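First up is the structure itself, then whatever we jot down about it.
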Amino acid sequence: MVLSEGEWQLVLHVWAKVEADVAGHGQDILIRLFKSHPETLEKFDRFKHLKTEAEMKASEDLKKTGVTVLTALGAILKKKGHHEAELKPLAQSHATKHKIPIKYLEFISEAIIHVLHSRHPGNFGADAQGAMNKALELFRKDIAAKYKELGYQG
Ligand code: HEM
């Protein structure tokens with residue numbers, strides 16, 4: 001697929017707001033994911049044991065991971081499609097080391113869209129949510145293709 005420049009503009013415009021508070025958006029998105037699809041919290045050996053949202057909010061580890069995720073995703077979105085090199089290392093560790101199914105990446109894409117919408121309603125109308133969705137779908141289609149080349153396709 002190929003996003004038009006106007007769609008990338010809408011995606012990078014709302015992402016610039018996310019970047020004013022990366023750690024906070026990171027926390028929100030992961031808790032959103034773990035509350036919605038708790039089985040995903042099992043993939044994290046570091047803080048699998050967290051029982052409640054309050055515990056999750058107080059975990060420094062969870063907040064660092066959220067920043068690592070968002071920093072890596074933002075470097076991929078900024079490429080505007082030319083992300084081949086950033087994807088490789090990412091696909092290899094999630095398919096071989098952590099064993100993350102494509103399905104789970106759909107769940108987090110869903111959590112990212114939920115949070116942008118709640119935090120940024122003015123910059124996240126229907127056209128901007130459509131563009132973000134296109135950008136995340138593109139990301140998942142290329143990572144799934146790389147999983148396949150790596151022998152995992154989950
Ligand atoms: C926007 C999607 C995602 C991005 C960009 C992302 C990015 C990253 C990055 C950069 C790291 C650190 C380096 C590495 O291990 O390769 C990481 C580690 C990890 N990721 Fe992801 N990830 C994504 C989705 C997920 C999902 C959906 C799961 C879980 C259901 C997952 C599970 C993990 C685990 C278990 C680790 C290790 C955590 C720790 O021990 O430090 N990731 N991820």
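If you're wondering about the labels, chains in the structure tokens are A, B, ... by order shown, residues count from 1 in each chain, ligands from 1 in order shown.
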Chain A: residues DSSP assigns to helix (DSSP H, G or I), reported as a VMD selection string: chain A and resid 5 to 36 38 to 43 53 to 58 60 to 78 84 to 98 102 to 119 126 to 150
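Residues in contact range of residue 85 (chain A), defined as at most 12 Å between only C-alpha atoms, with sequence neighbours fewer than 4 positions away removed, read residues 75, 76, 79, 81, 89, 90, 91, 92, 142, 143 and 146 of chain A.
Restricting the calculation to only C-alpha atoms and all ligand atoms, the smallest distance between ligand 1 and any of A:110, A:19, A:53, A:7 is found for A:110.
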Taking only C-alpha atoms and all ligand atoms into account, which residues are within 9 Å of ligand 1, as a PDB file with C-alpha atoms, in the first residue's frame?
```
ATOM      1  CA  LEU A  30       0.407  -0.285  27.235  1.00  0.00           C
ATOM      2  CA  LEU A  33      -3.500  -2.906  25.746  1.00  0.00           C
ATOM      3  CA  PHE A  34      -3.120  -4.983  28.954  1.00  0.00           C
ATOM      4  CA  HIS A  37      -6.223  -7.972  26.063  1.00  0.00           C
ATOM      5  CA  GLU A  39      -3.110 -12.268  27.569  1.00  0.00           C
ATOM      6  CA  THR A  40      -0.673  -9.801  26.091  1.00  0.00           C
ATOM      7  CA  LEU A  41       0.747  -9.044  29.555  1.00  0.00           C
ATOM      8  CA  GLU A  42       2.010 -12.602  29.714  1.00  0.00           C
ATOM      9  CA  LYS A  43       4.501 -11.890  26.955  1.00  0.00           C
ATOM     10  CA  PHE A  44       6.325  -9.557  29.335  1.00  0.00           C
ATOM     11  CA  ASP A  45       8.387 -11.510  31.807  1.00  0.00           C
ATOM     12  CA  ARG A  46       9.495  -8.275  33.386  1.00  0.00           C
ATOM     13  CA  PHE A  47       6.096  -7.281  34.684  1.00  0.00           C
ATOM     14  CA  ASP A  61       9.738  -0.744  34.045  1.00  0.00           C
ATOM     15  CA  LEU A  62       6.392  -0.565  32.281  1.00  0.00           C
ATOM     16  CA  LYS A  64      10.420   2.598  30.228  1.00  0.00           C
ATOM     17  CA  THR A  65       9.173  -0.090  27.847  1.00  0.00           C
ATOM     18  CA  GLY A  66       6.379   2.242  26.722  1.00  0.00           C
ATOM     19  CA  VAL A  67       8.981   4.862  25.863  1.00  0.00           C
ATOM     20  CA  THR A  68      11.104   2.285  23.981  1.00  0.00           C
ATOM     21  CA  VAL A  69       8.046   1.200  21.951  1.00  0.00           C
ATOM     22  CA  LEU A  70       6.971   4.662  21.060  1.00  0.00           C
ATOM     23  CA  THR A  71      10.449   5.824  20.209  1.00  0.00           C
ATOM     24  CA  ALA A  72      10.897   2.881  17.834  1.00  0.00           C
ATOM     25  CA  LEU A  73       7.440   3.355  16.253  1.00  0.00           C
ATOM     26  CA  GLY A  74       8.009   7.090  15.773  1.00  0.00           C
ATOM     27  CA  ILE A  76       9.417   4.165  11.595  1.00  0.00           C
ATOM     28  CA  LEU A  87      11.913  -3.067  10.479  1.00  0.00           C
ATOM     29  CA  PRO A  89      15.951  -5.870  13.677  1.00  0.00           C
ATOM     30  CA  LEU A  90      12.426  -5.308  15.018  1.00  0.00           C
ATOM     31  CA  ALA A  91      10.866  -8.207  13.146  1.00  0.00           C
ATOM     32  CA  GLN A  92      13.703 -10.498  14.091  1.00  0.00           C
ATOM     33  CA  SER A  93      13.425  -9.942  17.832  1.00  0.00           C
ATOM     34  CA  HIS A  94       9.692  -9.985  18.050  1.00  0.00           C
ATOM     35  CA  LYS A  97      12.950 -13.862  20.661  1.00  0.00           C
ATOM     36  CA  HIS A  98       9.673 -12.622  22.107  1.00  0.00           C
ATOM     37  CA  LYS A  99       7.330 -14.620  19.797  1.00  0.00           C
ATOM     38  CA  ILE A 100       4.696 -11.972  19.269  1.00  0.00           C
ATOM     39  CA  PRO A 101       1.814 -12.990  16.972  1.00  0.00           C
ATOM     40  CA  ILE A 102       0.662 -10.583  14.306  1.00  0.00           C
ATOM     41  CA  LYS A 103      -2.660 -10.558  16.116  1.00  0.00           C
ATOM     42  CA  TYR A 104      -1.037  -8.903  19.159  1.00  0.00           C
ATOM     43  CA  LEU A 105       0.318  -6.109  16.960  1.00  0.00           C
ATOM     44  CA  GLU A 106      -3.231  -5.579  15.859  1.00  0.00           C
ATOM     45  CA  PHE A 107      -4.265  -5.229  19.521  1.00  0.00           C
ATOM     46  CA  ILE A 108      -1.643  -2.556  20.191  1.00  0.00           C
ATOM     47  CA  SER A 109      -2.578  -0.696  17.005  1.00  0.00           C
ATOM     48  CA  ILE A 112      -2.705   3.401  20.067  1.00  0.00           C
ATOM     49  CA  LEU A 136      -0.254   1.078  11.180  1.00  0.00           C
ATOM     50  CA  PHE A 139       3.520  -1.334   9.286  1.00  0.00           C
ATOM     51  CA  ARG A 140       1.818  -4.660  10.150  1.00  0.00           C
TER      52      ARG A 140
END
```
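Nearest to residue 82 (chain A) of all the residues A:23, A:29, A:2, A:16 is A:2, based on only C-alpha atoms.
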Close residues, residue 57 (chain A) itself excluded, 9 Å, only C-alpha atoms, min 3 positions apart in chain, as a ChimeraX atom specification: /A:27-28,31,52-54,60,62-63
Gap from CA of residue 131 (chain A) to CA of residue 25 (chain A) - Å, one decimal: 19.0 Å
Which residue of A:77, A:126, A:18, A:115 approaches residue 138 (chain A) most closely, using only C-alpha atoms: A:77
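Across A:135, A:22, A:125, A:10, the tightest approach to residue 83 (chain A) is made by A:135 when counting only C-alpha atoms.
The interatomic distance for the pair CA of residue 38 (chain A) and CA of residue 153 (chain A) works out to 22.1 Å.
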